[PDB]
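*Asks:* Structure file model_0.txt (compact mmCIF, C-alpha atoms and all ligand atoms) right here:
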# COMPACT_ATOMS: atom_id res chain seq x y z
CA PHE A 7 -10.70 27.99 8.93
CA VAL A 8 -14.23 27.41 10.21
CA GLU A 9 -15.69 28.61 6.90
CA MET A 10 -13.65 26.05 4.94
CA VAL A 11 -14.72 22.95 6.94
CA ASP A 12 -16.92 20.58 4.92
CA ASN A 13 -16.41 22.52 1.69
CA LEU A 14 -15.97 19.27 -0.28
CA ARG A 15 -18.59 16.87 -1.68
CA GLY A 16 -18.62 13.99 -4.15
CA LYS A 17 -19.95 10.56 -5.06
CA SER A 18 -18.08 7.37 -4.08
CA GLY A 19 -15.50 6.62 -6.75
CA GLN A 20 -16.12 9.82 -8.70
CA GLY A 21 -13.86 12.25 -6.83
CA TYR A 22 -14.25 15.14 -4.38
CA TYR A 23 -15.25 18.54 -5.72
CA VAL A 24 -15.19 22.08 -4.32
CA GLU A 25 -17.51 24.93 -5.42
CA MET A 26 -15.81 27.75 -7.35
CA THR A 27 -16.92 30.81 -9.27
CA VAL A 28 -15.39 31.87 -12.55
CA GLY A 29 -15.79 35.21 -14.33
CA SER A 30 -17.74 38.43 -13.74
CA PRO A 31 -20.52 38.11 -12.83
CA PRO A 32 -19.51 34.88 -11.05
CA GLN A 33 -20.45 31.60 -12.76
CA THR A 34 -20.90 28.78 -10.23
CA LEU A 35 -19.22 25.46 -11.03
CA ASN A 36 -18.23 22.34 -9.09
CA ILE A 37 -14.58 21.54 -9.56
CA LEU A 38 -12.71 18.29 -8.89
CA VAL A 39 -9.87 18.67 -6.38
CA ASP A 40 -6.96 16.89 -8.05
CA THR A 41 -3.45 16.64 -6.58
CA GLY A 42 -2.47 14.43 -9.51
CA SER A 43 -2.52 17.11 -12.23
CA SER A 44 -1.70 20.75 -12.79
CA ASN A 45 -4.27 22.34 -15.13
CA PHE A 46 -7.35 24.32 -14.15
CA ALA A 47 -9.72 23.08 -16.87
CA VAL A 48 -13.47 23.49 -17.12
CA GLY A 49 -16.20 22.33 -19.50
CA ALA A 50 -16.92 25.29 -21.78
CA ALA A 51 -19.42 23.78 -24.20
CA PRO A 52 -22.47 21.49 -24.02
CA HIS A 53 -21.90 17.84 -23.10
CA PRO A 54 -24.33 14.97 -22.28
CA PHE A 55 -22.89 14.62 -18.76
CA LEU A 56 -22.68 18.35 -18.04
CA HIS A 57 -25.60 20.21 -16.53
CA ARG A 58 -23.74 23.52 -16.73
CA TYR A 59 -20.53 24.91 -18.21
CA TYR A 60 -18.29 27.98 -18.31
CA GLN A 61 -19.57 30.55 -20.79
CA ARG A 62 -16.67 32.84 -21.62
CA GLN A 63 -18.86 35.31 -23.51
CA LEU A 64 -20.86 36.03 -20.35
CA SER A 65 -17.73 37.14 -18.49
CA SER A 66 -16.61 40.78 -18.59
CA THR A 67 -13.22 39.82 -17.20
CA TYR A 68 -12.32 36.95 -19.56
CA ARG A 69 -9.11 37.39 -21.55
CA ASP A 70 -8.30 35.16 -24.51
CA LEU A 71 -4.74 33.80 -24.66
CA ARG A 72 -5.15 32.83 -28.33
CA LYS A 73 -3.58 29.45 -27.62
CA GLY A 74 -5.01 25.94 -27.95
CA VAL A 75 -4.24 22.88 -25.83
CA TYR A 76 -4.78 19.14 -26.32
CA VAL A 77 -4.66 16.76 -23.37
CA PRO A 78 -4.71 12.97 -23.93
CA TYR A 79 -4.96 10.48 -21.09
CA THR A 80 -4.52 6.72 -21.36
CA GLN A 81 -8.29 6.20 -21.34
CA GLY A 82 -9.73 9.59 -22.34
CA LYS A 83 -8.91 13.04 -23.74
CA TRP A 84 -9.91 16.70 -23.93
CA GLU A 85 -9.04 19.75 -26.00
CA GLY A 86 -9.64 23.39 -25.23
CA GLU A 87 -8.80 27.04 -25.48
CA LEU A 88 -6.52 28.85 -23.05
CA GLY A 89 -7.49 32.10 -21.36
CA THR A 90 -7.51 33.94 -18.05
CA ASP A 91 -10.35 35.00 -15.76
CA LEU A 92 -11.19 35.95 -12.17
CA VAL A 93 -11.63 32.95 -9.92
CA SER A 94 -12.88 32.56 -6.35
CA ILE A 95 -13.67 29.79 -3.87
CA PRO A 96 -16.77 30.84 -1.91
CA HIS A 97 -16.00 28.48 0.98
CA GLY A 98 -12.27 29.12 0.69
CA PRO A 99 -10.01 32.09 1.34
CA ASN A 100 -11.60 35.52 1.01
CA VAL A 101 -9.63 36.37 -2.15
CA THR A 102 -9.97 36.49 -5.92
CA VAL A 103 -7.30 35.38 -8.38
CA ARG A 104 -6.66 35.89 -12.07
CA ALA A 105 -6.01 32.30 -13.08
CA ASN A 106 -5.23 30.41 -16.24
CA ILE A 107 -8.26 28.49 -17.43
CA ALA A 108 -8.45 25.80 -20.10
CA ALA A 109 -11.91 26.14 -21.60
CA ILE A 110 -12.79 22.57 -22.62
CA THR A 111 -14.57 22.62 -25.99
CA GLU A 112 -14.37 18.91 -26.91
CA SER A 113 -13.73 15.75 -24.88
CA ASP A 114 -13.84 11.96 -25.00
CA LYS A 115 -14.50 9.78 -21.93
CA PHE A 116 -13.48 12.59 -19.58
CA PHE A 117 -16.60 13.86 -17.83
CA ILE A 118 -18.37 11.35 -15.59
CA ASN A 119 -22.11 10.64 -15.77
CA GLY A 120 -23.66 11.81 -12.50
CA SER A 121 -20.42 12.92 -10.84
CA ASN A 122 -21.78 16.45 -10.27
CA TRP A 123 -18.53 18.23 -11.25
CA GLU A 124 -17.86 20.35 -14.32
CA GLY A 125 -14.11 20.95 -14.22
CA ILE A 126 -10.84 19.93 -12.62
CA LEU A 127 -8.49 21.89 -10.36
CA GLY A 128 -4.99 20.57 -10.84
CA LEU A 129 -3.13 21.30 -7.60
CA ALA A 130 0.25 19.88 -8.58
CA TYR A 131 3.26 21.65 -10.03
CA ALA A 132 3.97 23.52 -13.29
CA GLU A 133 6.39 20.81 -14.42
CA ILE A 134 3.48 18.59 -15.53
CA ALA A 135 1.11 21.30 -16.81
CA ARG A 136 -0.07 21.36 -20.42
CA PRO A 137 0.90 22.59 -22.97
CA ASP A 138 4.11 23.10 -20.97
CA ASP A 139 5.52 24.36 -17.69
CA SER A 140 5.08 28.03 -18.61
CA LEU A 141 1.34 27.80 -17.89
CA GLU A 142 1.19 28.83 -14.23
CA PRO A 143 -1.09 26.44 -12.27
CA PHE A 144 -3.90 27.81 -10.10
CA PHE A 145 -2.24 27.48 -6.70
CA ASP A 146 0.91 29.25 -7.92
CA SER A 147 -1.25 32.16 -9.11
CA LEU A 148 -3.12 32.23 -5.79
CA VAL A 149 0.07 32.41 -3.75
CA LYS A 150 1.74 34.99 -5.99
CA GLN A 151 -1.25 37.32 -6.23
CA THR A 152 -2.52 37.08 -2.64
CA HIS A 153 -1.03 36.77 0.83
CA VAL A 154 -2.24 33.16 1.21
CA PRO A 155 0.50 30.93 2.77
CA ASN A 156 1.94 28.36 0.37
CA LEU A 157 0.22 25.20 1.63
CA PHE A 158 -3.14 23.44 1.69
CA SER A 159 -4.56 20.45 3.46
CA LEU A 160 -7.13 17.81 2.57
CA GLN A 161 -9.44 15.90 4.85
CA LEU A 162 -11.35 13.41 2.69
CA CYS A 163 -14.04 11.56 4.60
CA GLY A 164 -15.66 9.13 2.20
CA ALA A 165 -18.38 6.82 3.53
CA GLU A 173 -30.18 3.48 -5.66
CA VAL A 174 -27.37 6.00 -6.12
CA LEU A 175 -23.67 6.08 -5.29
CA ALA A 176 -22.98 7.10 -1.69
CA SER A 177 -22.34 10.79 -1.06
CA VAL A 178 -19.03 11.68 0.51
CA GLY A 179 -17.70 14.85 2.13
CA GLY A 180 -14.43 16.43 3.25
CA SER A 181 -12.56 19.71 3.73
CA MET A 182 -9.91 21.53 1.72
CA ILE A 183 -8.15 24.00 3.99
CA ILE A 184 -6.24 26.58 1.99
CA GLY A 185 -3.38 28.47 3.55
CA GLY A 186 -3.16 26.57 6.78
CA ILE A 187 -3.58 23.56 9.03
CA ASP A 188 -6.81 23.13 11.01
CA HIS A 189 -5.94 21.34 14.24
CA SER A 190 -9.55 20.38 14.98
CA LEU A 191 -9.48 18.12 11.92
CA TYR A 192 -6.94 15.66 13.27
CA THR A 193 -5.72 13.85 16.39
CA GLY A 194 -2.26 12.76 17.53
CA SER A 195 0.97 13.71 15.77
CA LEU A 196 1.52 15.00 12.22
CA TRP A 197 4.31 13.08 10.47
CA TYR A 198 6.03 14.51 7.38
CA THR A 199 7.50 12.79 4.33
CA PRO A 200 9.64 14.85 1.90
CA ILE A 201 8.37 15.83 -1.52
CA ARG A 202 11.06 14.12 -3.58
CA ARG A 203 10.49 16.28 -6.66
CA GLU A 204 8.08 19.10 -7.39
CA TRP A 205 6.12 17.72 -10.32
CA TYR A 206 3.53 15.28 -9.05
CA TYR A 207 3.44 15.20 -5.27
CA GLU A 208 6.14 12.52 -5.33
CA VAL A 209 7.03 10.64 -2.15
CA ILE A 210 9.04 7.57 -1.10
CA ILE A 211 7.66 4.33 0.39
CA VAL A 212 10.33 2.29 2.18
CA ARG A 213 8.32 -0.66 3.56
CA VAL A 214 4.94 -2.35 3.12
CA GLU A 215 3.28 -4.75 5.59
CA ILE A 216 0.06 -6.73 5.32
CA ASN A 217 -1.30 -7.75 8.72
CA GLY A 218 2.07 -6.99 10.31
CA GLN A 219 3.91 -9.17 7.79
CA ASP A 220 6.64 -7.48 5.77
CA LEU A 221 6.27 -7.92 1.99
CA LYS A 222 10.10 -8.07 2.12
CA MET A 223 10.76 -6.54 -1.29
CA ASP A 224 13.61 -4.23 -2.32
CA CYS A 225 12.10 -0.82 -1.54
CA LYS A 226 12.89 0.36 -5.08
CA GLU A 227 9.97 -1.93 -6.09
CA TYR A 228 7.51 0.17 -4.07
CA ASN A 229 8.47 3.32 -6.00
CA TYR A 230 8.87 1.96 -9.53
CA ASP A 231 8.82 4.20 -11.37
CA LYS A 232 7.44 6.70 -8.83
CA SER A 233 5.00 7.03 -5.94
CA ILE A 234 2.55 9.92 -5.73
CA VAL A 235 -0.24 11.23 -3.53
CA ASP A 236 -3.28 11.77 -5.78
CA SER A 237 -6.73 12.93 -4.65
CA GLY A 238 -7.95 12.54 -8.23
CA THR A 239 -7.47 8.76 -8.29
CA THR A 240 -9.88 6.53 -6.35
CA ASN A 241 -7.78 3.40 -5.74
CA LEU A 242 -4.51 2.48 -4.13
CA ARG A 243 -2.63 1.54 -7.28
CA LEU A 244 0.47 -0.63 -6.92
CA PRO A 245 3.20 -1.70 -9.35
CA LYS A 246 2.56 -5.22 -10.72
CA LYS A 247 5.10 -7.08 -8.56
CA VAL A 248 3.88 -5.34 -5.42
CA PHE A 249 0.22 -5.72 -6.34
CA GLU A 250 0.58 -9.47 -6.84
CA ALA A 251 2.36 -9.94 -3.51
CA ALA A 252 -0.28 -7.79 -1.84
CA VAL A 253 -3.35 -9.70 -3.07
CA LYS A 254 -1.72 -13.04 -2.28
CA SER A 255 -1.34 -11.89 1.32
CA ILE A 256 -4.83 -10.39 1.49
CA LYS A 257 -6.32 -13.56 -0.04
CA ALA A 258 -4.57 -15.66 2.60
CA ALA A 259 -5.73 -13.55 5.54
CA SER A 260 -9.33 -13.78 4.34
CA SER A 261 -9.20 -17.30 2.90
CA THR A 262 -11.92 -18.17 5.44
CA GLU A 263 -14.21 -17.00 2.65
CA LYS A 264 -13.78 -17.21 -1.11
CA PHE A 265 -14.45 -14.54 -3.72
CA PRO A 266 -14.46 -14.58 -7.53
CA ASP A 267 -11.37 -13.46 -9.43
CA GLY A 268 -13.35 -10.46 -10.66
CA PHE A 269 -13.48 -9.09 -7.12
CA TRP A 270 -9.72 -9.24 -6.70
CA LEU A 271 -9.51 -7.67 -10.14
CA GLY A 272 -11.55 -4.81 -8.72
CA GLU A 273 -14.31 -5.48 -11.23
CA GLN A 274 -16.98 -7.50 -9.44
CA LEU A 275 -18.66 -6.37 -6.26
CA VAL A 276 -19.09 -8.51 -3.17
CA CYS A 277 -22.04 -8.37 -0.78
CA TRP A 278 -22.99 -9.51 2.70
CA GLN A 279 -26.32 -9.23 4.50
CA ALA A 280 -26.71 -5.68 5.81
CA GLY A 281 -24.47 -5.17 8.85
CA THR A 282 -22.85 -8.59 8.57
CA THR A 283 -19.72 -7.39 6.77
CA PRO A 284 -16.89 -9.53 8.24
CA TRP A 285 -14.23 -6.78 8.43
CA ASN A 286 -12.13 -8.92 10.78
CA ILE A 287 -11.11 -11.45 8.11
CA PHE A 288 -9.43 -8.69 6.12
CA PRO A 289 -5.92 -7.56 7.15
CA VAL A 290 -4.69 -4.01 7.76
CA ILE A 291 -2.13 -2.56 5.34
CA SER A 292 0.80 -0.49 6.55
CA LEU A 293 2.71 1.81 4.19
CA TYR A 294 5.94 3.18 5.63
CA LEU A 295 6.86 6.59 4.17
CA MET A 296 10.37 8.06 4.22
CA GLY A 297 10.87 10.47 7.11
CA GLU A 298 12.41 13.92 7.08
CA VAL A 299 15.40 12.22 8.76
CA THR A 300 17.39 10.10 6.28
CA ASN A 301 17.08 6.66 7.89
CA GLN A 302 13.67 7.17 9.53
CA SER A 303 10.17 6.35 8.35
CA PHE A 304 6.65 6.42 9.75
CA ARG A 305 3.71 4.21 8.90
CA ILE A 306 0.15 4.91 7.87
CA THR A 307 -2.06 1.93 8.59
CA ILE A 308 -5.28 1.57 6.66
CA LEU A 309 -8.30 -0.63 7.36
CA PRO A 310 -10.52 -2.79 5.10
CA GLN A 311 -13.11 -0.04 5.62
CA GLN A 312 -10.92 2.07 3.35
CA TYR A 313 -9.78 -0.40 0.71
CA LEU A 314 -13.17 -2.04 0.32
CA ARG A 315 -15.26 0.70 -1.36
CA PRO A 316 -19.06 0.59 -0.92
CA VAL A 317 -21.17 0.50 -4.09
CA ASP A 325 -27.07 -6.07 1.25
CA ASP A 326 -23.78 -4.17 1.71
CA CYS A 327 -21.87 -4.28 -1.57
CA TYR A 328 -18.14 -3.52 -1.85
CA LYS A 329 -15.54 -3.17 -4.57
CA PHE A 330 -11.90 -4.05 -3.92
CA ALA A 331 -10.20 -0.67 -4.24
CA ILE A 332 -6.59 -1.79 -4.79
CA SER A 333 -5.43 -2.19 -8.37
CA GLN A 334 -2.43 -2.83 -10.58
CA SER A 335 -0.37 0.01 -11.98
CA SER A 336 2.32 0.33 -14.64
CA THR A 337 3.11 3.93 -13.77
CA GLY A 338 4.18 3.50 -10.14
CA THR A 339 2.38 3.62 -6.80
CA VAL A 340 -0.64 5.91 -6.50
CA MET A 341 -1.89 6.75 -3.01
CA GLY A 342 -5.43 7.64 -4.07
CA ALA A 343 -8.53 8.82 -2.26
CA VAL A 344 -9.10 5.51 -0.42
CA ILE A 345 -5.68 5.85 1.23
CA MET A 346 -6.19 9.56 1.92
CA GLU A 347 -9.58 8.93 3.56
CA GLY A 348 -8.03 7.59 6.76
CA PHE A 349 -6.10 10.80 7.22
CA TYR A 350 -5.59 14.54 7.40
CA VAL A 351 -3.10 15.27 4.64
CA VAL A 352 -0.99 18.43 4.59
CA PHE A 353 0.46 19.58 1.28
CA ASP A 354 3.20 21.78 2.75
CA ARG A 355 4.62 23.20 -0.50
CA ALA A 356 6.51 25.91 1.37
CA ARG A 357 8.66 23.28 3.16
CA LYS A 358 8.61 20.67 0.37
CA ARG A 359 6.86 18.05 2.52
CA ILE A 360 3.59 16.17 2.97
CA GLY A 361 2.20 15.54 6.44
CA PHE A 362 -0.15 12.78 7.61
CA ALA A 363 -2.20 12.54 10.78
CA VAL A 364 -5.19 10.51 11.93
CA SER A 365 -8.32 12.31 10.74
CA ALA A 366 -11.27 13.25 12.93
CA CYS A 367 -13.35 11.35 10.37
CA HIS A 368 -11.18 8.23 10.15
CA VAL A 369 -12.75 4.79 9.82
CA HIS A 370 -12.66 2.51 12.85
CA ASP A 371 -14.41 -0.49 14.34
CA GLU A 372 -14.30 -1.48 18.01
CA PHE A 373 -11.13 -3.50 17.41
CA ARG A 374 -8.96 -1.60 14.94
CA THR A 375 -8.23 1.92 13.80
CA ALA A 376 -6.33 3.81 11.12
CA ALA A 377 -3.04 5.03 12.55
CA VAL A 378 -0.01 7.19 11.84
CA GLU A 379 2.99 6.01 13.84
CA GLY A 380 6.75 6.70 13.97
CA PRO A 381 9.64 6.72 13.89
CA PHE A 382 10.80 3.37 12.57
CA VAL A 383 14.45 3.05 11.59
CA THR A 384 15.49 1.64 8.23
CA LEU A 385 18.80 1.55 6.33
CA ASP A 386 19.40 3.24 2.96
CA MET A 387 16.12 4.77 1.85
CA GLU A 388 17.54 7.32 -0.56
CA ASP A 389 18.28 4.20 -2.58
CA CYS A 390 14.52 3.53 -2.58
CA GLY A 391 13.84 6.07 -5.32
CA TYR A 392 14.07 6.28 -9.12
CA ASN A 393 16.92 8.48 -10.42
CA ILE A 394 14.97 10.69 -12.88
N1 LIG B 401 -1.39 14.72 -14.65
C1 LIG B 401 -1.58 13.74 -15.19
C2 LIG B 401 -1.82 12.50 -15.88
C3 LIG B 401 -0.79 12.02 -16.70
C4 LIG B 401 -0.95 10.83 -17.39
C5 LIG B 401 -2.14 10.13 -17.25
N2 LIG B 401 -3.10 10.59 -16.48
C6 LIG B 401 -3.01 11.73 -15.80
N3 LIG B 401 -4.12 12.06 -15.02
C7 LIG B 401 -4.64 13.42 -15.14
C8 LIG B 401 -6.19 13.45 -15.18
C9 LIG B 401 -6.77 12.62 -14.04
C10 LIG B 401 -8.27 12.54 -14.26
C11 LIG B 401 -9.12 13.07 -13.31
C12 LIG B 401 -10.49 13.03 -13.50
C13 LIG B 401 -11.03 12.45 -14.64
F1 LIG B 401 -12.37 12.40 -14.83
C14 LIG B 401 -10.18 11.93 -15.60
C15 LIG B 401 -8.81 11.97 -15.42
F2 LIG B 401 -8.03 11.44 -16.38
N4 LIG B 401 -6.51 13.14 -12.70
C16 LIG B 401 -5.79 12.27 -12.03
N5 LIG B 401 -5.38 12.49 -10.73
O1 LIG B 401 -5.50 11.13 -12.71
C17 LIG B 401 -6.10 11.19 -14.00
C18 LIG B 401 -5.18 11.04 -15.18
Starting from the coordinates I provided, produce the structure as structure tokens.
Ligand SMILES: N#Cc1cccnc1N1CC[C@]2(c3ccc(F)cc3F)N=C(N)O[C@@H]2C1

*Replies:*
Amino acid sequence: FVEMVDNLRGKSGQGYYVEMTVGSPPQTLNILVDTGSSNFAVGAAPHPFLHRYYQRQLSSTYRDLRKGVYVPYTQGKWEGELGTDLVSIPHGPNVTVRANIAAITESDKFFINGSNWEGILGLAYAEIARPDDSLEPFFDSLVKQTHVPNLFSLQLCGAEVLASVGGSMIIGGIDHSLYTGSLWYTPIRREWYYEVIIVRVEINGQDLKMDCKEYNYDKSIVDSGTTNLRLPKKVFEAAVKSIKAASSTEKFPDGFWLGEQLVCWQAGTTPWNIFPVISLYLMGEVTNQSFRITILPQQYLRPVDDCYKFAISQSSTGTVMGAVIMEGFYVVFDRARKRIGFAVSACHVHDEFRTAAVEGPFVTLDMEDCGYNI
């Protein structure tokens, strides 16, 4: 796994990408690692924010599928042409896969200015692929065509220009040098998104005391392709109220709490201690058990004087455990056993007083009733 360590790079708030090659001879592209989607899709035509793109005509191994695809998001969109080609990950497993590729020919508000990536690697399941679930996602193809074990793990490390970030994507195994302490597993509730169940939330040790259904309304997912911790309205409001109280020693504009305005202190004078830790308790493999991941202000205040943006925001599509949550931790996407594991990362954030943590078990009653019945 030594060759896969530190194979991720990115800019703060713009996602983590891995280097891939597509076609014969290999075309080098940087590809966003995205556990929140299921299409392998790459820019395939000129764009203002693209410094390179996939040129199908230069590839001897490209095969046209004679099928179009249109993919709208809430904020942006892209359309493209479906095909197959040979794909490799230079700092990944020593294998080559014939994968589905959506060649993006037109897009609106999709590509990010300065992000340094040219495509997206959807690592989630076929159920949410476009145009439909018959378009085998990349990881499925990799596992079927090669001997690579059905799992991958992500260590995202995070912290003029936006700060550069790094991490590792370990494909086909778990690298023990990348974490400390125990690995705790939460079940994948359904193979579509990487859906999980949160049973309890605490802010500075204080229970938010909501019906746990609220935490997973209408779902909760683990998503490397989203920056923030996104929370359902009711939970978000209770969360900020508590965070505001803990830090009321100082006062910030509404725009900060809205995740819009930045907030700065003199360099090195960031008062971390006035901000509370946040504990998310995830359902255990055992029915009435859970374990908690505890995250520090260092994670949910994202650097952009030292200037920070509040990286927790309101959602209407359920909880999203985005990059800022994942950054504390080594995260194992154990598809083979339908579970996601968390452990304290070798690159976790910590000051002399507090530290990110993964701790269990804690015993709770009725947590199957915490979900959303499809
Ligand atoms: N599936 C789905 C899905 C379903 C409904 C709404 N959104 C989805 N997401 C998939 C694309 C996405 C993304 C990534 C990068 C980027 F520049 C833009 C971008 F929209 N990736 C994630 N993880 O969330 C984003 C929206």

*Asks:* Report as a VMD selection string all protein, DNA and RNA residues lying within 9 Å of region 156-161 of chain A, evaluated on all atoms listed in the file, omitting residues in the same chain fewer than 5 positions from it.

*Replies:* chain A and resid 12 14 145 to 146 148 to 149 179 to 188 191 to 192 237 346 to 357 361 365 to 367

*Asks:* At a cut-off of 8 Å and counting all atoms listed in the file, what residues surround ligand LIG 401 (chain B)? Please answer as a PyMOL selection string.

*Replies:* chain A and resi 20-21+38+40-44+78-83+115-118+126+128+134-135+206+236-239

*Asks:* For the atom pair CA of residue 138 (chain A) and CA of residue 394 (chain A), what is the interatomic distance in Å to one decimal place?

*Replies:* 18.4 Å

*Asks:* Which residue gives the smallest distance to residue 217 (chain A) among A:256, A:231, A:386, A:25, with only C-alpha atoms counted?

*Replies:*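 Closest to residue 217 (chain A) of all the choices is A:256.
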
*Asks:* Around (1.6, 6.0, 13.0) in the file's own coordinates, what residues are found within 12 Å if you use only C-alpha atoms, given back as number ranges by chain?

*Replies:* A: 193-198, 292-295, 297, 303-308, 348-349, 361-365, 375-382

*Asks:* Can those selected residues be exported to a file as an mmCIF file, in the frame of the given file so that it contains C-alpha atoms?

*Replies:*
data_model
loop_
_atom_site.group_PDB
_atom_site.id
_atom_site.type_symbol
_atom_site.label_atom_id
_atom_site.label_comp_id
_atom_site.auth_asym_id
_atom_site.auth_seq_id
_atom_site.Cartn_x
_atom_site.Cartn_y
_atom_site.Cartn_z
ATOM 1 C CA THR A 193 -5.720 13.850 16.390
ATOM 2 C CA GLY A 194 -2.260 12.760 17.530
ATOM 3 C CA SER A 195 0.970 13.710 15.770
ATOM 4 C CA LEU A 196 1.520 15.000 12.220
ATOM 5 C CA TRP A 197 4.310 13.080 10.470
ATOM 6 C CA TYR A 198 6.030 14.510 7.380
ATOM 7 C CA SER A 292 0.800 -0.490 6.550
ATOM 8 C CA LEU A 293 2.710 1.810 4.190
ATOM 9 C CA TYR A 294 5.940 3.180 5.630
ATOM 10 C CA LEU A 295 6.860 6.590 4.170
ATOM 11 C CA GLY A 297 10.870 10.470 7.110
ATOM 12 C CA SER A 303 10.170 6.350 8.350
ATOM 13 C CA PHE A 304 6.650 6.420 9.750
ATOM 14 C CA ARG A 305 3.710 4.210 8.900
ATOM 15 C CA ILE A 306 0.150 4.910 7.870
ATOM 16 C CA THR A 307 -2.060 1.930 8.590
ATOM 17 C CA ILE A 308 -5.280 1.570 6.660
ATOM 18 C CA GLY A 348 -8.030 7.590 6.760
ATOM 19 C CA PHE A 349 -6.100 10.800 7.220
ATOM 20 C CA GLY A 361 2.200 15.540 6.440
ATOM 21 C CA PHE A 362 -0.150 12.780 7.610
ATOM 22 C CA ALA A 363 -2.200 12.540 10.780
ATOM 23 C CA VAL A 364 -5.190 10.510 11.930
ATOM 24 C CA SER A 365 -8.320 12.310 10.740
ATOM 25 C CA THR A 375 -8.230 1.920 13.800
ATOM 26 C CA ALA A 376 -6.330 3.810 11.120
ATOM 27 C CA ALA A 377 -3.040 5.030 12.550
ATOM 28 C CA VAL A 378 -0.010 7.190 11.840
ATOM 29 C CA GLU A 379 2.990 6.010 13.840
ATOM 30 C CA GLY A 380 6.750 6.700 13.970
ATOM 31 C CA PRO A 381 9.640 6.720 13.890
ATOM 32 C CA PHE A 382 10.800 3.370 12.570
#

*Asks:* When distances are computed from all atoms listed in the file, which of A:45, A:164, A:122, A:270 shows the smallest separation from residue 140 (chain A)?

*Replies:*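 Counting all atoms listed in the file, the residue closest to residue 140 (chain A) is A:45.
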
*Asks:* Measuring atom to atom with only C-alpha atoms, identify which of A:302, A:326, A:155, A:202 is nearest to residue 279 (chain A).

*Replies:*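 For residue 279 (chain A), the nearest of the candidates is A:326.
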
*Asks:* For residue 73 (chain A), please output as a list in words all residues within 10 Å (counting only C-alpha atoms; exclusion window: fewer than 2 positions along the same chain).

*Replies:*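 My reading of the contact set: residues 70, 71, 75, 86, 87, 88, 89, 108 and 137 of chain A.
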
*Asks:* Output C-alpha atoms for every residue in the selection just made, as a compact mmCIF listing (two decimals), in the frame of the given file.

*Replies:*
# COMPACT_ATOMS: atom_id res chain seq x y z
CA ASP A 70 -8.30 35.16 -24.51
CA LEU A 71 -4.74 33.80 -24.66
CA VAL A 75 -4.24 22.88 -25.83
CA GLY A 86 -9.64 23.39 -25.23
CA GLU A 87 -8.80 27.04 -25.48
CA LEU A 88 -6.52 28.85 -23.05
CA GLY A 89 -7.49 32.10 -21.36
CA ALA A 108 -8.45 25.80 -20.10
CA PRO A 137 0.90 22.59 -22.97

*Asks:* Please identify every residue of region 79-152 of chain A that has at least one atom no farther than 9 Å from an atom of region 46-53 of chain A, counting only C-alpha atoms, and for each give the shortest atom pair and the distance in Å to one decimal, arranged by chain then increasing number, as a tab-separated table.

*Replies:*
residue	atom	partner	partner_atom	distance
A:86	CA	A:50	CA	8.3
A:105	CA	A:46	CA	8.2
A:106	CA	A:46	CA	6.8
A:107	CA	A:46	CA	5.4
A:108	CA	A:47	CA	4.4
A:109	CA	A:50	CA	5.1
A:110	CA	A:49	CA	4.6
A:111	CA	A:51	CA	5.3
A:112	CA	A:51	CA	7.5
A:113	CA	A:53	CA	8.6
A:117	CA	A:53	CA	8.5
A:124	CA	A:49	CA	5.8
A:125	CA	A:48	CA	3.9
A:126	CA	A:47	CA	5.4
A:127	CA	A:46	CA	4.6
A:128	CA	A:46	CA	5.5
A:129	CA	A:46	CA	8.4
A:143	CA	A:46	CA	6.9
A:144	CA	A:46	CA	6.4

*Asks:* Once you count only C-alpha atoms, which residues end up no further than 10 Å from (8.6, 1.0, -1.0) in the file's frame, shown as a list in words?

*Replies:* residues 209, 210, 211, 212, 213, 214, 221, 222, 223, 224, 225, 226, 227, 228, 229, 230, 232, 233, 248, 293, 294, 295, 296, 339, 387, 390 and 391 of chain A

*Asks:* Using C-alpha atoms, can you write the selected residues to a file as a CSV table (one decimal), in the frame of the given file?

*Replies:*
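Output file out20.csv follows:
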chain,number,residue,atom,x,y,z
A,209,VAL,CA,7.0,10.6,-2.2
A,210,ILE,CA,9.0,7.6,-1.1
A,211,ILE,CA,7.7,4.3,0.4
A,212,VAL,CA,10.3,2.3,2.2
A,213,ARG,CA,8.3,-0.7,3.6
A,214,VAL,CA,4.9,-2.4,3.1
A,221,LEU,CA,6.3,-7.9,2.0
A,222,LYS,CA,10.1,-8.1,2.1
A,223,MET,CA,10.8,-6.5,-1.3
A,224,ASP,CA,13.6,-4.2,-2.3
A,225,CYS,CA,12.1,-0.8,-1.5
A,226,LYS,CA,12.9,0.4,-5.1
A,227,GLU,CA,10.0,-1.9,-6.1
A,228,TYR,CA,7.5,0.2,-4.1
A,229,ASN,CA,8.5,3.3,-6.0
A,230,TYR,CA,8.9,2.0,-9.5
A,232,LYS,CA,7.4,6.7,-8.8
A,233,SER,CA,5.0,7.0,-5.9
A,248,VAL,CA,3.9,-5.3,-5.4
A,293,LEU,CA,2.7,1.8,4.2
A,294,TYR,CA,5.9,3.2,5.6
A,295,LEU,CA,6.9,6.6,4.2
A,296,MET,CA,10.4,8.1,4.2
A,339,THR,CA,2.4,3.6,-6.8
A,387,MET,CA,16.1,4.8,1.8
A,390,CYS,CA,14.5,3.5,-2.6
A,391,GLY,CA,13.8,6.1,-5.3

*Asks:* CA of residue 358 (chain A) and CA of residue 205 (chain A) are how many Å apart?

*Replies:* 11.4 Å

*Asks:* Could you jot down the CA of residue 327 (chain A) to CA of residue 369 (chain A) separation for me, Å, one decimal place?

*Replies:*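 Interatomic distance, CA of residue 327 (chain A) to CA of residue 369 (chain A): 17.2 Å.
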